[PDB]
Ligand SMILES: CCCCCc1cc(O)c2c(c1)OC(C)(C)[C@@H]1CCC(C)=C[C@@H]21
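Shown here is one chain on its own, the form deposited without the ligand, set out as structure tokens.
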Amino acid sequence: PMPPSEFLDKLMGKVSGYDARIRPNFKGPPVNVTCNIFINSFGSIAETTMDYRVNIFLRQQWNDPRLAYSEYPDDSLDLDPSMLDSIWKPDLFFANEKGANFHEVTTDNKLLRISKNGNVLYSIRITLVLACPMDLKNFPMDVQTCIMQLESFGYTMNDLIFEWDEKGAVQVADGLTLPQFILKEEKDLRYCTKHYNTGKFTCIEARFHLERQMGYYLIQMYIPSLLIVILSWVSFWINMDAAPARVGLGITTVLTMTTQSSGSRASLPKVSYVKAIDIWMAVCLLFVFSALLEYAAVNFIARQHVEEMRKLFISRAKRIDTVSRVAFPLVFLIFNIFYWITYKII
């Protein structure tokens, strides 16, 4: 019995009229190529460039009546990547590649096996940096949706159709974890058939639903932002005579809030719409700014006040100081309730 390598010479060579530039079922129905990808290393989701690097295994299955054999006993011939370049392959590509490369560490990472009926399996390893438009209207409580479409370039709809398989469409690794986001078990599968001036091409896309973990931003940009507001609340228990103490407290705490507000947009795009973290840095900046105007009103009334007028303005400048100890801890409290509840049902 001749080995499978010499058997491919009589099937892939110039004999039998088999050419690698002809699609199967020519002058007939289009080729239905089913695909299923396996995610190996997901993560590294940048926000300034709005892209994410993923390493998937692209599997392609299509029927080819020209490769059907009957003399070989087994129904699986794991060939060599050398014969892989001498056959026909679908022109599958991604519309959001933005730079990609293969992996040829000691061997071109390609798979090729042919069944008796003509089934051809084609599995390779591709590293992609896919771009996805993100909506940052509520940045700390956003639901990301990273999509990836698989289009055709040379073959139109009447010559090649891409579809998803029924069982096991998108497999996920067991020990695949993410530091910031989380990968939900629900993945939508829809069509993305485009229409250009040349024609229409097939397209299959998968929608990965992600969600950020608030455990990181809560400690960096929320807990320190909440303590600065408390630093302005303590400015009311000090007597009005200590002018350099209360003025310096109302200024040193209002400028460090602007620094944290300006520094909270380091790893963020320059979007125009306001997000959920910008209003938090803005409203909390208003409370520490209102504390400055609070003492300014108390100081102006105290310095404006023979014995009948001064006996009432002192009681007025002190009464407003007692209300401020209950007003701001309650106005900021009702805002803290209306903030997390509004961003919990949207």
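Don't overthink the numbering: it's just position in the shown sequence, from 1. Rigid core (definition): largest C-alpha set, two forms, superposition within 1.5 Å.
The protein also exists as the form deposited with the ligand bound; that form is not presented, and the subsequent description refers to it.
Site check by superimposition: the ligand, modelled from its position in the bound PDB entry, clears the backbone and C-beta atoms of this form, with no atom inside 2.4 Å, and the site reads as open.
Just one of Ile314, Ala68, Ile320, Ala46 comes within 4.5 Å of the ligand in the bound PDB entry, counting any heavy atom, and that one is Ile320. Within 4.5 Å of any heavy atom of the ligand in the bound PDB entry lies no heavy atom of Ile22. Shown alone here, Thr34 lies farther than 4.5 Å from the ligand in the bound PDB entry, counting heavy atoms only. Although the partner is absent from this view, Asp51 stays clear of the ligand in the bound PDB entry, with no non-hydrogen atom inside 4.5 angstroms.
The ligand is not shown here, and in the bound PDB entry it never comes within 4.5 Å of any heavy atom of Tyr18.
Of all the residues from 288-310, those having a non-hydrogen atom no more than 4.5 Å from the ligand in the bound PDB entry are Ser290, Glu294. With the rigid core aligned between this form and the one not shown, the listed residues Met240, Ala173, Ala169, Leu121 include just one Cα displaced by at least 2 Å, namely that of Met240.
After superposing the rigid core, the Cα of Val15 is displaced by 2 Å or more between this form and the one not shown.
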